[PDB]
Amino acid sequence: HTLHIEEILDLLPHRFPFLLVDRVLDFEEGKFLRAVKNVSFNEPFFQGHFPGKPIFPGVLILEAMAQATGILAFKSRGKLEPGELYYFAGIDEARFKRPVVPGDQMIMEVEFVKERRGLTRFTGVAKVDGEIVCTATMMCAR
Amino acid sequence: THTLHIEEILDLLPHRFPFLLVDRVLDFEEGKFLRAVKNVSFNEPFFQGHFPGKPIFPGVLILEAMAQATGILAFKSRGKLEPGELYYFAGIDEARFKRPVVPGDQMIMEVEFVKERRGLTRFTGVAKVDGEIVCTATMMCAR
Amino acid sequence: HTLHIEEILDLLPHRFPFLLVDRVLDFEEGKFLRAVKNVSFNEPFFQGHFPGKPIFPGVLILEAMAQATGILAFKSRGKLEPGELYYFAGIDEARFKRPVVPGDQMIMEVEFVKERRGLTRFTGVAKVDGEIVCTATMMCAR
Amino acid sequence: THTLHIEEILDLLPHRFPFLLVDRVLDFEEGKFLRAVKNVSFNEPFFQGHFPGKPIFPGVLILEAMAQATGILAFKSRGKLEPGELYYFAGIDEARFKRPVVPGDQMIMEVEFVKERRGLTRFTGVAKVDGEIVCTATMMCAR
Amino acid sequence: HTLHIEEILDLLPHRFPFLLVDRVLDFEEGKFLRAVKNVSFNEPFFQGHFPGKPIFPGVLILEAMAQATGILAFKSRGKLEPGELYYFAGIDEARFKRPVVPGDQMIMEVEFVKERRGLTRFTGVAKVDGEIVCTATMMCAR
Amino acid sequence: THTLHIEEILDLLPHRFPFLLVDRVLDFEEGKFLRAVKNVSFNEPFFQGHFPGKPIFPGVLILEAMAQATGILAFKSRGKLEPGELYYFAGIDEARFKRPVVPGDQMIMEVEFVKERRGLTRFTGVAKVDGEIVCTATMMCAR
């Protein structure tokens with residue numbers, strides 16, 4: 001089940017310049033979601049990060065993966081009511097393996113692990129050209 | 001085999017944010033062709049205005065992206081621009097917009113040198129998404 | 001019949017940074033429209049096009065003229081319903097005659113030609129200080 | 001007769017996007033006056049916020065534009081700024097906002113040197129649209 | 001009575017990049033209001049003002065103070081109806097005493113003076129670290 | 001006692017708008033700690049998107065701000081970056097987001113060097129608003 005940007009705008013509250021999921025390529029509710037973030041030079045953070053040497057910030061890969069958990073959570077468990085937020089509570093073992101750059105299509109896979117102590121736990125893995133560029137464990141809650 | 005990443009691109013084109021619309025060069029043969037990629041992301045500044053609730057990559061920016069790709073080919077083939085000189089975009093023939101390009105699309109653009117004629121350099125461009133043609137055009141430029 | 005920016009926002013769906021018609025100076029439904037685009041240094045594309053040498057992109061003159069056809073079409077033939085778009089299908093014989101720069105007031109005249117094979121055909125002419133800076137033939141459709 | 005286009009302006013003022021608010025200089029006489037243009041376009045970044053659905057050029061930015069025009073006059077008349085030096089805006093007397101300036105307006109601004117007094121340079125500014133006064137103010141600056 | 005940003009968005013029509021009141025620290029209707037503007041490098045005007053030497057424009061201190069008069073006026077006298085504006089009619093004796101810079105928290109105090117000849121008159125004083133950086137007298141009207 | 005204002009910061013970090021998220025350095029001791037300020041303003045570009053009607057400083061940007069503060073400490077302590085070299089952000093352990101940071105907050109960040117181990121430099125960060133902890137994390141970086 002693919003979701004394009006209009007479906008994504010309907011599910012997440014994030015807007016420009018902080019909506020970092022461009023497409024959902026597949027998902028299974030309560031299990032996994034696979035999303036794309038297209039990395040382009042024409043994104044506003046690249047001016048600053050860095051002048052002459054565009055590097056996609058590692059913190060935004062964490063953000064983009066956490067957004068993809070949001071989409072899975074909303075498809076799986078129900079949409080947010082207006083004014084409610086899906087909290088990003090924490091991150092374990094964020095590892096940045098190599099630089100993500102303009103022209104990269106970052107494919108992100110997030111998996112639901114469990115609920116434990118009031119949080120929902122996901123693992124994320126981001127790849128470019130089949131190679132892992134980032135992993136992390138993310139905790140979120142409604 | 002002959003790829004250019006963004007730093008190489010920044011060194012050849014004078015365009016900068018928010019109007020540098022070539023993100024990679026996949027291959028090229030001097031004086032002949034260049035195949036480039038434009039990654040289309042929601043996170044691009046024009047999407048706020050085009051259109052609210054329904055992001056559509058403007059057709060004019062596909063023409064722009066292709067014209068930039070001709071620039072890269074021209075510079076690699078014929079010599080870099082000196083400081084303060086521009087590669088003019090003089091005109092366009094037969095621009096055809098076939099279907100909408102959207103966030104998540106990777107737009108692969110192929111430009112071919114045709115000829116010099118009457119003080120202009122003529123190129124044809126074809127932009128594809130997922131193998132299907134989204135735009136074609138004939139572009140005239142000059143130093 | 002002049003239209004100012006609030007009337008223009010009501011007719012076109014374009015918003016910042018891609019609404020490139022600042023005023024309508026006159027029009028006659030089904031025939032012609034004359035619009036202004038004020039070119040200012042304080043526009044976001046100028047940072048990029050080019051550093052140290054601001055040049056209004058020729059593609060944006062095409063865009064601004066196509067927007068002015070939109071306004072004529074909506075005034076002449078009826079407003080778009082929400083979610084509907086006015087397609088830009090093609091361009092013939094776009095000619096860029098000289099550079100448009102900050103401080104220029106670009107006056108654009110678009111004329112309806114005909115409907116043919118499912119498209120509406122317009123010609124556009126953009127002038128600065130009475131001199132032609134661009135012409136083009138534009139095809140659009142609902 | 002004495003016009004300065006944007007490149008000449010960039011060379012005299014240190015202001016850059018999104019706070020360079022003089023688009024052309026129509027005429028000037030050193031030590032006396034300068035007449036400049038600010039083209040007011042919807043496509044300017046502050047219009048998104050001022051205000052949603054009702055674009056109104058902020059009155060504070062007319063003061064800013066006029067103060068920039070004094071800068072140009074001062075530099076042409078008295079000498080360019082050296083790198084790292086600033087032309088301070090020290091104060092303002094009797095700023096009066098007469099009617100709203102909007103997208104599509106070309107705001108013609110005329111600034112006149114009055115005198116130096118008490119370590120400041122005093123100027124009067126008048127901004128017009130379609131021949132009518134939209135703002136006046138007396139501006140004090142110093143090197 | 002403190003107002004945070006959501007309360008501020010409800011009262012003023014200003015939006016990004018021209019909403020220059022970040023918090024209200026106290027107020028008394030018809031009398032005074034004390035507001036904060038946090039000055040950060042990450043604000044869009046700093047790119048332009050100036051490259052290599054960030055200086056908060058003195059005109060934006062005037063703006064931010066005039067916004068704080070707006071908030072006082074709306075809390076004191078009633079909210080604007082949609083489409084109505086609170087006019088900034090004029091300024092007397094704007095004095096800029098020293099440069100405001102990134103990292104500064106500008107505390108602004110505005111006081112109602114009187115209504116006279118169809119305008120409402122306020123005085124404003126902006127401080128950083130207890131020292132006055134700007135004063136002005138502002139005239140506004142519905 | 002050892003404060004660095006924005007110009008000193010621009011000279012040490014390569015980050016520029018819209019991703020320079022240290023506005024001042026309040027104090028530091030080389031090889032030991034650095035205490036910095038991030039002023040959180042509505043007028044920052046990410047607030048438009050995060051979220052419409054409910055501005056919330058992204059937790060990922062607190063991690064970024066703290067990692068930038070480690071950079072400053074590292075450069076002051078160990079030597080500036082040469083042109084074209086980067087200070088890599090290699091990973092993060094135990095990032096905890098305790099309560100939302102909002103416009104008007106001044107976020108005071110304290111980073112401490114822990115050790116070098118296994119080719120990385122390890123730091124702990126703590127960010128506070130009004131004396132209360134809003135985020136903690138352990139950050140690994142390397143030249």
# chains A, B, ... in the order shown; residues from 1 in each chain; ligands from 1
call {"tool": "residues_around", "arguments": {"residues": "stretch 17-30 of chain F", "least_positions_apart": "6", "cutoff": "7 Å", "atoms": "only C-alpha atoms", "output": "PyMOL selection string"}}
result
(chain A and resi 45+47-49) or (chain E and resi 40-42+102-103) or (chain F and resi 1-6+36-39+65+68-69+73+76-77)
call {"tool": "write_last_selection", "arguments": {"atoms": "N, CA and C atoms", "output": "mmCIF file, in the first residue's frame"}}
result
data_model
loop_
_atom_site.group_PDB
_atom_site.id
_atom_site.type_symbol
_atom_site.label_atom_id
_atom_site.label_comp_id
_atom_site.auth_asym_id
_atom_site.auth_seq_id
_atom_site.Cartn_x
_atom_site.Cartn_y
_atom_site.Cartn_z
ATOM 1 N N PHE A 45 17.664 23.844 4.354
ATOM 2 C CA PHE A 45 18.772 23.611 5.282
ATOM 3 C C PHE A 45 20.103 23.503 4.600
ATOM 4 N N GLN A 47 21.679 25.410 2.551
ATOM 5 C CA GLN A 47 22.370 26.727 2.569
ATOM 6 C C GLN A 47 23.298 26.814 3.753
ATOM 7 N N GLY A 48 22.849 26.263 4.830
ATOM 8 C CA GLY A 48 23.548 26.363 6.141
ATOM 9 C C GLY A 48 24.390 25.185 6.560
ATOM 10 N N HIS A 49 24.273 24.059 5.864
ATOM 11 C CA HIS A 49 24.790 22.802 6.276
ATOM 12 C C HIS A 49 25.377 21.921 5.171
ATOM 13 N N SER E 40 17.410 35.740 17.821
ATOM 14 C CA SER E 40 18.207 34.541 17.575
ATOM 15 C C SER E 40 18.898 34.694 16.216
ATOM 16 N N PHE E 41 20.049 34.026 16.011
ATOM 17 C CA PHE E 41 20.722 34.077 14.726
ATOM 18 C C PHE E 41 19.846 33.452 13.637
ATOM 19 N N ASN E 42 19.030 32.480 14.047
ATOM 20 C CA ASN E 42 18.219 31.678 13.139
ATOM 21 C C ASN E 42 16.937 32.429 12.682
ATOM 22 N N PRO E 102 22.116 38.812 18.081
ATOM 23 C CA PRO E 102 21.757 37.456 18.474
ATOM 24 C C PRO E 102 22.196 37.031 19.915
ATOM 25 N N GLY E 103 21.307 36.343 20.586
ATOM 26 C CA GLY E 103 21.464 35.996 22.014
ATOM 27 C C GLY E 103 20.765 37.004 22.944
ATOM 28 N N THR F 1 32.534 34.267 32.364
ATOM 29 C CA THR F 1 33.806 35.096 32.196
ATOM 30 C C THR F 1 34.397 34.975 30.795
ATOM 31 N N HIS F 2 34.347 33.731 30.246
ATOM 32 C CA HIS F 2 34.854 33.327 28.866
ATOM 33 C C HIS F 2 33.546 33.231 27.874
ATOM 34 N N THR F 3 33.049 34.351 27.381
ATOM 35 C CA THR F 3 31.780 34.395 26.605
ATOM 36 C C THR F 3 32.201 34.497 25.172
ATOM 37 N N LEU F 4 31.400 34.008 24.252
ATOM 38 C CA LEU F 4 31.677 34.192 22.805
ATOM 39 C C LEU F 4 30.320 34.624 22.258
ATOM 40 N N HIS F 5 30.370 35.702 21.556
ATOM 41 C CA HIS F 5 29.178 36.234 20.853
ATOM 42 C C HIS F 5 29.155 35.708 19.423
ATOM 43 N N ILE F 6 28.146 36.156 18.667
ATOM 44 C CA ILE F 6 27.841 35.440 17.420
ATOM 45 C C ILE F 6 28.961 35.493 16.406
ATOM 46 N N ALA F 36 26.161 27.143 26.649
ATOM 47 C CA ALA F 36 25.744 27.982 25.513
ATOM 48 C C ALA F 36 24.234 28.296 25.657
ATOM 49 N N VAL F 37 23.815 29.312 24.879
ATOM 50 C CA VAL F 37 22.409 29.681 24.826
ATOM 51 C C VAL F 37 21.884 29.501 23.400
ATOM 52 N N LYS F 38 20.688 28.943 23.299
ATOM 53 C CA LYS F 38 19.904 28.946 22.022
ATOM 54 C C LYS F 38 18.611 29.768 22.413
ATOM 55 N N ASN F 39 18.474 30.958 21.851
ATOM 56 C CA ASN F 39 17.188 31.678 21.991
ATOM 57 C C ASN F 39 16.181 31.109 21.024
ATOM 58 N N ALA F 65 21.685 21.496 18.372
ATOM 59 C CA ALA F 65 22.264 22.592 19.078
ATOM 60 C C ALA F 65 23.351 22.236 20.068
ATOM 61 N N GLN F 68 26.437 21.144 18.214
ATOM 62 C CA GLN F 68 27.163 22.365 17.768
ATOM 63 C C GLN F 68 27.958 22.914 18.910
ATOM 64 N N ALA F 69 27.390 22.955 20.089
ATOM 65 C CA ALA F 69 28.126 23.415 21.267
ATOM 66 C C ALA F 69 29.388 22.513 21.570
ATOM 67 N N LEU F 73 33.376 23.779 21.686
ATOM 68 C CA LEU F 73 34.344 23.343 22.777
ATOM 69 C C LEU F 73 35.568 22.658 22.154
ATOM 70 N N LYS F 76 37.796 25.277 20.259
ATOM 71 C CA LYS F 76 38.508 26.139 21.165
ATOM 72 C C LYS F 76 39.633 25.335 21.908
ATOM 73 N N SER F 77 39.310 24.088 22.243
ATOM 74 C CA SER F 77 40.199 23.266 23.101
ATOM 75 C C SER F 77 41.332 22.638 22.322
#
call {"tool": "closest_atom_pairs", "arguments": {"of": "chain C", "to": "chain B", "cutoff": "9 Å", "atoms": "only C-alpha atoms", "output": "Markdown table"}}
result
| residue | atom | partner | partner_atom | distance |
| --- | --- | --- | --- | --- |
| C:13 | CA | B:51 | CA | 6.5 |
| C:14 | CA | B:49 | CA | 5.3 |
| C:15 | CA | B:49 | CA | 3.9 |
| C:16 | CA | B:49 | CA | 4.8 |
| C:17 | CA | B:49 | CA | 5.6 |
| C:18 | CA | B:49 | CA | 5.3 |
| C:19 | CA | B:49 | CA | 7.1 |
| C:44 | CA | B:18 | CA | 7.3 |
| C:45 | CA | B:18 | CA | 5.8 |
| C:46 | CA | B:18 | CA | 8.4 |
| C:47 | CA | B:17 | CA | 6.8 |
| C:48 | CA | B:16 | CA | 4.0 |
| C:49 | CA | B:15 | CA | 5.6 |
| C:50 | CA | B:15 | CA | 5.8 |
| C:51 | CA | B:16 | CA | 7.4 |
| C:52 | CA | B:84 | CA | 8.5 |
| C:53 | CA | B:84 | CA | 7.9 |
| C:57 | CA | B:64 | CA | 8.7 |
| C:58 | CA | B:89 | CA | 7.4 |
| C:59 | CA | B:60 | CA | 5.5 |
| C:60 | CA | B:60 | CA | 7.2 |
| C:62 | CA | B:60 | CA | 7.3 |
| C:63 | CA | B:60 | CA | 6.6 |
| C:83 | CA | B:54 | CA | 7.9 |
| C:88 | CA | B:97 | CA | 7.3 |
| C:89 | CA | B:97 | CA | 5.1 |
| C:90 | CA | B:96 | CA | 4.5 |
| C:91 | CA | B:95 | CA | 4.9 |
| C:92 | CA | B:94 | CA | 5.0 |
| C:93 | CA | B:93 | CA | 5.0 |
| C:94 | CA | B:92 | CA | 4.9 |
| C:95 | CA | B:91 | CA | 4.5 |
| C:96 | CA | B:90 | CA | 5.2 |
| C:97 | CA | B:90 | CA | 7.2 |
| C:98 | CA | B:90 | CA | 8.8 |
| C:136 | CA | B:92 | CA | 8.9 |
call {"tool": "select_by_dssp", "arguments": {"residues": "chain C", "states": "strand (DSSP E or B)", "output": "tab-separated table (two decimals) with C-alpha atoms, in the first residue's frame"}}
result
chain	number	residue	atom	x	y	z
C	3	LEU	CA	-7.75	43.75	-10.23
C	23	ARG	CA	-1.81	43.51	-10.58
C	24	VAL	CA	-4.24	43.38	-13.52
C	25	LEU	CA	-4.35	46.68	-15.32
C	26	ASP	CA	-7.16	45.83	-17.78
C	27	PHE	CA	-8.89	42.97	-19.43
C	28	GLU	CA	-11.78	42.02	-21.73
C	32	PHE	CA	-7.11	39.94	-23.58
C	33	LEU	CA	-5.58	40.71	-20.22
C	34	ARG	CA	-2.79	43.11	-19.28
C	35	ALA	CA	-1.00	42.40	-16.00
C	36	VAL	CA	2.03	43.71	-14.07
C	37	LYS	CA	4.78	41.74	-12.44
C	38	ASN	CA	6.96	44.09	-10.30
C	87	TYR	CA	-3.21	22.79	-16.66
C	88	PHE	CA	-0.17	24.29	-18.39
C	89	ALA	CA	0.09	21.83	-21.27
C	90	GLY	CA	2.73	23.37	-23.46
C	91	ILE	CA	4.63	26.23	-24.93
C	92	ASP	CA	5.56	27.18	-28.51
C	93	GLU	CA	8.13	29.74	-29.62
C	94	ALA	CA	9.25	31.05	-26.23
C	95	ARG	CA	11.75	33.83	-27.07
C	96	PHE	CA	13.75	35.73	-24.48
C	105	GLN	CA	8.00	46.56	-14.03
C	106	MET	CA	7.20	43.80	-16.47
C	107	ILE	CA	3.87	44.48	-18.27
C	108	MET	CA	2.45	41.36	-19.69
C	109	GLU	CA	-0.32	41.09	-22.38
C	110	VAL	CA	-1.96	37.81	-23.01
C	111	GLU	CA	-4.56	37.20	-25.81
C	112	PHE	CA	-6.88	34.30	-26.29
C	113	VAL	CA	-6.37	32.74	-29.74
C	114	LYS	CA	-8.67	29.71	-29.92
C	115	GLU	CA	-9.56	26.40	-28.54
C	116	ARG	CA	-8.17	23.55	-30.65
C	119	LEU	CA	-6.42	22.99	-25.46
C	120	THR	CA	-6.78	26.72	-25.14
C	121	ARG	CA	-4.17	28.72	-26.93
C	122	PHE	CA	-2.90	32.08	-25.87
C	123	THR	CA	-0.13	34.43	-26.98
C	124	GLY	CA	1.82	36.39	-24.47
C	125	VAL	CA	4.09	39.38	-24.81
C	126	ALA	CA	6.10	40.84	-21.87
C	127	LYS	CA	7.52	44.35	-22.04
C	128	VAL	CA	9.70	46.54	-19.88
C	131	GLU	CA	10.37	47.16	-25.21
C	132	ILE	CA	9.57	43.41	-25.67
C	133	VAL	CA	11.47	41.18	-23.38
C	134	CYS	CA	9.69	37.88	-24.02
C	135	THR	CA	7.08	36.31	-26.23
C	136	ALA	CA	5.48	32.92	-26.19
C	137	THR	CA	2.49	30.87	-27.20
C	138	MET	CA	0.96	28.98	-24.29
C	139	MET	CA	-1.49	26.09	-24.23
C	140	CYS	CA	-3.65	25.52	-21.15
C	141	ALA	CA	-6.74	23.35	-20.25
call {"tool": "atom_distance", "arguments": {"atom1": "atom CA of residue B:109", "atom2": "atom CA of residue B:127"}}
result
4.2 Å
call {"tool": "select_by_dssp", "arguments": {"residues": "chain B", "states": "alpha helix (DSSP H)", "output": "list in words"}}
result
residues 6, 7, 8, 9, 10, 11, 12, 59, 60, 61, 62, 63, 64, 65, 66, 67, 68, 69, 70, 71, 72, 73, 74, 75, 76, 77 and 78 of chain B
call {"tool": "atom_distance", "arguments": {"atom1": "atom CA of residue B:55", "atom2": "atom CA of residue B:41"}}
result
9.8 Å
